[PDB]
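Chains as they are written, first to last, in the authors' numbering: chain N5, 1 to 177; chain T5, 1 to 177; chain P5, 1 to 177; chain e5, 43 to 290; chain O5, 1 to 164; chain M5, 1 to 164; chain Uj, 1 to 164; chain fA, 231 to 285. A virtual CB, placed ideally from N, CA and C, is assigned to each residue, including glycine. For reference, the structure discussed in these notes is given below.
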Amino acid sequence: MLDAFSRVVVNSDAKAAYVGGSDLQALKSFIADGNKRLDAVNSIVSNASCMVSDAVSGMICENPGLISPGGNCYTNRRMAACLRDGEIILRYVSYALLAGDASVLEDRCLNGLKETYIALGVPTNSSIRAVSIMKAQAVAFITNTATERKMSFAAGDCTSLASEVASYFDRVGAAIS
Amino acid sequence: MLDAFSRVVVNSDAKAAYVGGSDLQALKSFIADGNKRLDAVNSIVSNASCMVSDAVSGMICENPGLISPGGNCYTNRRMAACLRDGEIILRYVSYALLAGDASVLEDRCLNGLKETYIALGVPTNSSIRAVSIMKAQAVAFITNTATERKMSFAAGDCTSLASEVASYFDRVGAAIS
Amino acid sequence: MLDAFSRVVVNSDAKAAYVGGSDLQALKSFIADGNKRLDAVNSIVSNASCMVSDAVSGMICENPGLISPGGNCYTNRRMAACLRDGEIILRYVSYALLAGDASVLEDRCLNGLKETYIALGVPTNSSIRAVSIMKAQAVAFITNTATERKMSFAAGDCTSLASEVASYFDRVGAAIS
Amino acid sequence: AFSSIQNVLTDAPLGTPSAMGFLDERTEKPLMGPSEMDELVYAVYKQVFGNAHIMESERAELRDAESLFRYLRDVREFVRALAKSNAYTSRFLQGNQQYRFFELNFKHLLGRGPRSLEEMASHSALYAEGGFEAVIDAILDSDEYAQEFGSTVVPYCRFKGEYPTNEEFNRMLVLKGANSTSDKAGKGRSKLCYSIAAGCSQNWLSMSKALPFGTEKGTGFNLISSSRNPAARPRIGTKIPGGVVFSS
Amino acid sequence: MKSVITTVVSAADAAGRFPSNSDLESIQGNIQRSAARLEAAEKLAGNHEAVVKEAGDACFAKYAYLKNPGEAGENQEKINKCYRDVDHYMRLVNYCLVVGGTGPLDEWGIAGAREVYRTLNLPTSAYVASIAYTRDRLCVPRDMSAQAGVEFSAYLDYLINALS
Amino acid sequence: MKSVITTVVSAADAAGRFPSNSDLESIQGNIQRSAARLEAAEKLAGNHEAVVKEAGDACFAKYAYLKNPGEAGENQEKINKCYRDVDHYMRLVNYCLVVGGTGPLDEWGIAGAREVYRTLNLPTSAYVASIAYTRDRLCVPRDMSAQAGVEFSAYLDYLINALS
Amino acid sequence: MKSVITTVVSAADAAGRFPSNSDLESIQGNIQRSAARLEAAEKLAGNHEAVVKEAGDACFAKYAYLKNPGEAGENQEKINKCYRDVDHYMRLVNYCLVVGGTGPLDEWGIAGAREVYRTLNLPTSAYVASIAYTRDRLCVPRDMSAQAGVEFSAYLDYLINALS
Amino acid sequence: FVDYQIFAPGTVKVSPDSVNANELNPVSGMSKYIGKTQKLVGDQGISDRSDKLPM
Ligand SMILES: C=CC1=C(C)[C@@H](Cc2[nH]c(/C=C3N=C(/C=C4\NC(=O)[C@H](C)[C@H]4CC)C(C)=C\3CCC(=O)O)c(CCC(=O)O)c2C)NC1=O
Ligand SMILES: C=CC1=C(C)[C@@H](Cc2[nH]c(/C=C3N=C(/C=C4\NC(=O)[C@H](C)[C@H]4CC)C(C)=C\3CCC(=O)O)c(CCC(=O)O)c2C)NC1=O
Ligand SMILES: C=CC1=C(C)[C@@H](Cc2[nH]c(/C=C3N=C(/C=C4\NC(=O)[C@H](C)[C@H]4CC)C(C)=C\3CCC(=O)O)c(CCC(=O)O)c2C)NC1=O
Ligand SMILES: C=CC1=C(C)[C@@H](Cc2[nH]c(/C=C3N=C(/C=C4\NC(=O)[C@H](C)[C@H]4CC)C(C)=C\3CCC(=O)O)c(CCC(=O)O)c2C)NC1=O
Ligand SMILES: C=CC1=C(C)[C@@H](Cc2[nH]c(/C=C3N=C(/C=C4\NC(=O)[C@H](C)[C@H]4CC)C(C)=C\3CCC(=O)O)c(CCC(=O)O)c2C)NC1=O
Ligand SMILES: C=CC1=C(C)[C@@H](Cc2[nH]c(/C=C3N=C(/C=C4\NC(=O)[C@H](C)[C@H]4CC)C(C)=C\3CCC(=O)O)c(CCC(=O)O)c2C)NC1=O
Ligand SMILES: C=CC1=C(C)[C@@H](Cc2[nH]c(/C=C3N=C(/C=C4\NC(=O)[C@H](C)[C@H]4CC)C(C)=C\3CCC(=O)O)c(CCC(=O)O)c2C)NC1=O
Ligand SMILES: C=CC1=C(C)[C@@H](Cc2[nH]c(/C=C3N=C(/C=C4\NC(=O)[C@H](C)[C@H]4CC)C(C)=C\3CCC(=O)O)c(CCC(=O)O)c2C)NC1=O
Ligand SMILES: C=CC1=C(C)[C@@H](Cc2[nH]c(/C=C3N=C(/C=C4\NC(=O)[C@H](C)[C@H]4CC)C(C)=C\3CCC(=O)O)c(CCC(=O)O)c2C)NC1=O
Ligand SMILES: C=CC1=C(C)[C@@H](Cc2[nH]c(/C=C3N=C(/C=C4\NC(=O)[C@H](C)[C@H]4CC)C(C)=C\3CCC(=O)O)c(CCC(=O)O)c2C)NC1=O
Ligand SMILES: C=CC1=C(C)[C@@H](Cc2[nH]c(/C=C3N=C(/C=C4\NC(=O)[C@H](C)[C@H]4CC)C(C)=C\3CCC(=O)O)c(CCC(=O)O)c2C)NC1=O
Ligand SMILES: C=CC1=C(C)[C@@H](Cc2[nH]c(/C=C3N=C(/C=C4\NC(=O)[C@H](C)[C@H]4CC)C(C)=C\3CCC(=O)O)c(CCC(=O)O)c2C)NC1=O
Ligand SMILES: C=CC1=C(C)[C@@H](Cc2[nH]c(/C=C3N=C(/C=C4\NC(=O)[C@H](C)[C@H]4CC)C(C)=C\3CCC(=O)O)c(CCC(=O)O)c2C)NC1=O
Ligand SMILES: C=CC1=C(C)[C@@H](Cc2[nH]c(/C=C3N=C(/C=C4\NC(=O)[C@H](C)[C@H]4CC)C(C)=C\3CCC(=O)O)c(CCC(=O)O)c2C)NC1=O
């Protein structure tokens, strides 16, 4: 279970070199925006119970046959399990944004998730939507362009970290397809 | 565990007797009044969530040091454990009223309860007070003399069921004293 | 366990009081010289392999009847189980020097220790001498008064840190007494 | 089923990442790697053995059960392979009584104490039909092991809140101790043996040593006796308006 | 009691290890972010009566139905127990800013609160509306510092999230 | 992999918790020590051929009997393999300064090494006499900075306690 | 009651004599000292419900173990008898400032107290912590005058030394 | 019973006794506001019912 400092060394044991002066500038551009990364990951976890519940209920609104009899989010037991699942997806992407490396999401969450949904009949065409709702809601809370909850930040550029957490939602939507 | 018919045959097994017509006239009236025993236990399990929360908060009312710093119903952690415990006690005395013998309350619930409470720090004089409120709540639902919540019964006396369940609530106080 | 900040919180929750302005200069003066707590816990655990070896080898040279047949570190399985048995004593002191409170030393290491050492025939009067040798060696690493391994520190004093850890070795030294 | 001690005052239970890795067709599990692996093996060694303090020349005989565990990532098969070892029968079977061996199987493999004499005598009914391996695989392939631990987590002492007998919580607290406590301190001699066969309970100071930090460990003891009198018939009266009614 | 110190040595004890050179870096973060969370804590200690007087009647200006017969604040003992239960919560918010982690909240205030408040018919949405009133009452240069408002409004919407 | 980031995201995952304020405070300590443990890491990447060539020819100053037949380095072929197993440690000491924790030391260069150095009859006490030659030859006020010295010396002293 | 009058009368009754010139000289001390000790007895008799209840929970702020099971502050009756027994002691100090000696404290509060607080298992260091709190709460110009506070505290630590 | 929801918002007023955990309930049970210990006040034993009538 790696982080972004533990990616440059597992690319360098294969060459068995010392990590010298040339590739150390890529991690000095990690601790430049380290407080920018810490300010960005705090905004997701402060809005996380609203980000899930707006996402799953909008999936019901965009696809109204899900709560028909026979639907996948039909009864109260099934509706609690989809809200349980979207909590775990938003928790594991926020682990990846803090570490700066997708190897917390792809092992602990994405191993076997494609085969489990087809074994349970969970349809992936709605879960590609409900992951992609909170993908677009996460870049609002990072770049402060949300409609409600203008959070307090410092004035700069955060559009690289908003696109970097877009790529972790591309790693979710590739694997459950 | 035993019930009211199994209690008779372990008395006759000490004498190697047969359960004959002298001994059977207690069991022929247990089935004769057996409709009223069922009629009394859904008078209790229909009101069981109101009965627990009134008995626990009615114990807080006569003793406000249970919810001050240093009381053993202080935080949310300790108050939910007290609400869980009074529901367990009311569950096992509804099994014992249904069977007609206090065996299952005495070995599963009450055996070893005094040593848990003097290791966890639970006050036993106020714990007896929460059981003694819901004894008085139970005899008022059975005889249909509660101030709210008149249930629809048939006419006659249930005065031997109301004092049978009052002796089951008295065994809880005798086992933690 | 509680650290040195959570000790102040559980004292004030007994009063149901806010942590005001008078206790905070015991906690702003914890973090003021709080480099030195990190700059001296590193002085123990760098030498902690040699420290447990010189502890029990000086336990032999003042009680030479331990390696006699009948003694408790006679054979080779028992001598390996008291090099390692004083590793755990050295480990939970170095947690408590990092935490500022002896809560993790007393709950996880000192509870029930003498009540097993009489059950195994460990001579507790000679295990006190095992603790107090490495007590003397740890407080001269922090003071930087050792003969060998002059670790280069910054100039000042760690006289209060040398005596906080001497109180931690006297807690284990009085628990098995 | 609320249990005010469990994830509040204790730690969280250790184990493998998930149980969905078995349905993954290109792997067997989230591959932990040998720093994330061996610190889970440290928690199986501290739980199946007590704090036995196994040496370097005793772990070398358990070399084969770890090498299977780091490929087949099942935790239940690792616990089954460690209970049929020589290092499990030379500590808990060789110099002990029969109900001492049985009461440690409930500690090491279930995290609870035995609730009955009828449950305890059925484990000696399995000793007669297959020895000690029939006791161990019947605990491991039980329904109670499946719906609490499974293949995923180490079998830990779980504070449940909704125990099926209250006495089951008492015998769990006597069996585990503090963290400076192994299970060789008695000379054989099952601690729970008198209380299972008679039907009485345990001693309050022996249970409150093993409780966590922050749970009133010992208070509540009146200075009179610690157990109950089964022959006592007290008079407990209720006030009505007129007098006092002794519904006995 | 989850803090920075009581997690790095609850992982050093779970593998049987010494205080690592990893964990001596995590207490160097306790040196840096202390002065924004202590100065947010000391501002709450000298202003507590004012901030829980305004947070409490934000419940009752919003929810006038609570004085109906059978509801939560139906008599003056229950109004006094409502303002007590928001005096407790912001005392734990003051405690979490001293310990530095979310330890004193979720083991004294949050654990059990789903089960306590359901049984006594105390609404969660009235508990949220008092705490969410004082989350956006905070003014960023006026009340405390710039980063001190970040620490104080991190434990507030922790509690809004864990209750909802 | 043992780092300062992987501890606080596996302690959050084990309880099922979002990354709260105590976790984010521990990343703030990694920004403080990065100005010293990276400048010592980049110093070791260019100075290695004068310091791995200082250690092993002074390893044999104390241990003179290792050039004798029947012992380890009886010919010139194995001394050239003796300089491979100390270039394999300074390349792993360099990795743990980069990643912060003890991950590349303990799971690559330490795990298993008690059993290879037992069976293959290699003495561990010449590795302890050679890694510690890079400790006392290291001085601070010419070679590197102040806190780059005490991070490098604390990582040479980790596997001295692991090999002993 | 042990007083100034009853001492000099009993001393001249055991000797069998009339009130001498030295027995009238003692009652003149009862005149010049009555101004201070009746100010303290009137300040106490007007504000006694607020002085008793402020000291009754200073017992439980120091000893929170009294709410544990089997202790002396379990239920509502036991804290009603505890606030009563403190109010009994503050009434007897009001009686001692009026009479002028330790008469009512000796016969009604102290004699027989060691055998009752041990038989009923009431911790006598908690019948002290409420008395010791009141003695240090007193501000010498604010509540009473200078010599009225000397008399008020001297009867307050007579009771402390009689329970200790 | 009054409904209290049919009024205009802002007209139902409520006010606690003290916004303090330690005055509403001390460490002992001697609470003036919470529970059955509200009868243990030094005043409020007698009343003014000579105001009305001899009815
Ligand atoms: C069928 C019913 C139905 C819904 C429930 C919503 C669901 C929904 N909400 C948003 C859209 C949003 N969701 C949020 C998140 C929040 N908004 C807030 O005011 C809070 C602060 C926070 C948690 C509640 C925000 C801020 C937007 C606006 C776009 C954005 O800024 O992200 C989007 C747009 C995503 C996109 O297309 O990019 C959708 C589909 N829409 C629907 O049609
Ligand atoms: C590590 C990551 C991780 C996960 C993602 C989940 C994955 C997961 N989901 C479900 C189980 C389920 N998952 C869903 C989810 C959904 N159905 C929908 O229509 C939506 C598209 C979607 C939610 C947004 C439902 C409805 C069930 C219940 C299936 C059932 O009742 O049989 C189960 C089986 C267990 C159970 O049934 O309770 C598992 C393992 N668990 C994990 O451990
Ligand atoms: C433990 C918790 C913890 C945190 C939450 C953060 C808190 C935090 N964020 C920033 C600091 C900052 N935050 C931003 C971010 C932004 N400004 C914008 O224009 C965007 C809207 C937004 C992007 C998300 C920028 C640009 C800085 C200043 C540069 C920097 O130091 O990162 C700073 C440094 C400036 C200062 O000290 O005042 C700190 C301490 N750090 C911590 O240690
Ligand atoms: C300090 C605060 C405080 C309280 C909470 C109550 C607590 C309380 N409730 C009851 C007593 C009762 N409680 C109930 C229970 C209910 N009644 C119903 O109609 C509902 C269905 C159900 C939940 C409310 C019943 C049926 C009785 C007894 C019958 C009666 O009240 O006449 C009693 C009398 C028991 C006895 O006499 O010993 C007490 C003390 N009193 C208090 O002083
Ligand atoms: C089948 C039988 C059966 C029971 C009877 C209960 C008995 C019981 N109660 C508690 C545990 C507890 N029980 C209480 C209860 C109370 N404290 C008071 O002051 C009140 C008087 C009283 C509520 C009415 C409290 C407060 C705790 C928690 C103690 C703590 O947090 O330290 C525990 C410890 C287990 C745990 O919570 O993790 C057990 C076994 N459970 C059972 O399984
Ligand atoms: C499967 C679920 C199940 C039940 C819930 C009960 C329901 C029930 N109760 C009674 C029947 C009765 N119930 C009562 C009881 C009372 N009348 C009073 O005035 C008292 C308040 C109260 C005492 C508790 C009496 C007196 C009878 C008639 C006597 C009898 O036939 O047993 C009867 C028989 C009369 C009839 O058939 O209408 C039935 C079916 N029986 C069941 O089989
Ligand atoms: C019977 C046989 C016998 C021994 C094996 C030694 C064991 C021994 N060494 C020291 C004494 C010491 N032990 C150390 C520790 C160390 N010294 C170093 O050079 C290393 C860096 C580090 C690990 C080896 C130090 C520094 C002292 C000197 C006292 C001090 O400075 O603390 C002491 C004194 C402790 C005391 O006074 O209580 C003893 C008994 N002495 C004996 O008589
Ligand atoms: C968390 C704290 C913690 C501890 C401190 C230890 C405590 C401890 N030590 C031993 C076990 C032992 N402890 C000693 C120690 C000594 N004997 C001497 O002669 C010296 C005076 C002294 C230091 C060398 C020895 C020799 C044994 C082995 C006894 C045996 O093999 O039976 C055992 C029994 C383990 C077993 O074999 O099952 C336990 C629980 N364990 C813990 O979990
Ligand atoms: C990650 C690991 C980590 C560490 C190892 C320490 C490293 C460390 N120690 C000190 C700093 C210091 N260290 C000492 C200590 C001493 N000087 C002496 O002469 C005594 C022998 C010894 C007492 C034990 C003193 C006196 C200071 C400076 C004053 C202070 O700020 O505490 C400083 C501040 C820089 C400076 O003040 O020069 C740092 C970064 N901090 C860390 O974050
Ligand atoms: C009881 C039955 C039984 C066996 C027959 C062996 C067979 C065996 N070896 C390995 C596992 C292994 N075996 C080797 C061995 C070698 N690789 C090489 O390149 C060399 C040619 C060769 C040494 C001779 C290595 C290096 C691993 C570990 C692979 C890894 O790191 O993942 C594993 C997987 C378990 C694990 O992950 O460690 C198994 C089952 N072990 C058993 O338990
Ligand atoms: C240390 C942490 C800590 C807390 C946070 C509180 C939490 C808390 N509040 C209440 C208790 C209560 N809380 C309220 C609260 C309210 N009424 C309303 O109209 C609003 C919804 C809300 C104010 C915002 C009421 C009315 C009660 C009394 C319960 C009842 O009516 O029976 C109780 C029940 C026991 C009691 O009576 O005290 C608890 C555990 N207590 C603690 O010890
Ligand atoms: C990154 C790892 C690293 C080290 C461990 C040291 C080790 C080291 N020392 C010297 C070489 C030297 N180093 C010193 C320095 C000193 N001699 C002393 O006794 C004083 C205490 C100290 C002053 C600070 C001197 C004087 C020489 C030249 C003499 C010699 O060969 O040692 C060299 C040869 C090239 C050079 O000078 O840098 C190296 C690699 N330098 C490193 O780059
Ligand atoms: C005129 C002089 C005069 C006195 C000074 C008191 C002295 C006194 N106090 C108590 C009695 C008591 N004193 C306490 C006191 C306490 N409980 C605690 O938790 C704390 C230790 C402490 C509060 C300060 C309690 C609880 C009782 C009642 C004992 C009981 O309930 O058994 C009793 C026993 C009789 C009774 O039940 O009231 C007596 C004689 N009475 C007098 O007539
Ligand atoms: C009959 C016995 C009797 C006493 C022993 C004292 C004790 C006493 N002091 C205060 C009350 C107080 N006492 C002080 C103390 C002081 N104030 C100052 O100006 C000084 C600097 C300092 C003297 C040490 C303060 C600041 C308060 C108000 C805060 C508080 O409620 O304690 C109160 C609460 C009532 C109030 O004043 O509001 C009481 C009962 N008064 C009495 O009537």
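| Item | Value |
| --- | --- |
| Within chain Uj, partners of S177 (chain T5) - CB distance below 8 Å | Residues of chain Uj passing the Cβ test: none, with the nearest at roughly 11 Å. |
| Classification of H88 (chain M5) by the beta-carbon crowding that lies within 10 angstroms, buried from 16 upward | exposed |
| Same chain only: Cβ atoms within 8 Å of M1 (chain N5), ignoring 5 sequence neighbours per side | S103, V104, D107 and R108 |
| Cβ of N76 (chain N5) within 8 Å of any chain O5 Cβ | no |
| Own chain residues within Cβ distance below 7 Å of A146 (chain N5), not counting five before or after | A140 |
| beta-carbon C158 (chain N5) near ligand 3 non-hydrogen atom, thresh 7 Å | yes |
| Nearest to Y74 (chain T5) (by Cα), restricted to the options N30 (chain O5), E151 (chain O5), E107 (chain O5) and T124 (chain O5) | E107 (chain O5) |
| Three-state class that DSSP yields for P69 (chain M5) in the structure shown | strand |
| Secondary structure of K78 (chain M5), DSSP reduced to three states | helix |
| Neighbour-count burial assignment, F237 (chain fA), 16 or more Cβ in a 10 Å radius | exposed |
| Beta bridge counterpart(s) of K281 (chain e5) as assigned by DSSP | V286 (chain e5) |
| Segments assigned alpha helix (DSSP H), at least 4 residues, entirely inside the segment 147-197 of chain e5 | 160-169, 175-182 and 185-188 |
| Nearest residue (CA-CA) to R171 (chain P5), options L90 (chain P5), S6 (chain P5), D157 (chain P5) and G121 (chain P5) | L90 (chain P5) |
| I44 (chain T5) Cβ short of 7 Å to ligand 6 heavy atom set | no |
| Check: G58 (chain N5) C-beta below 7 Å from any heavy atom of ligand 1 | yes |
| Near ligand 1: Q28 (chain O5) beta-carbon under 7 Å from a heavy atom | no |
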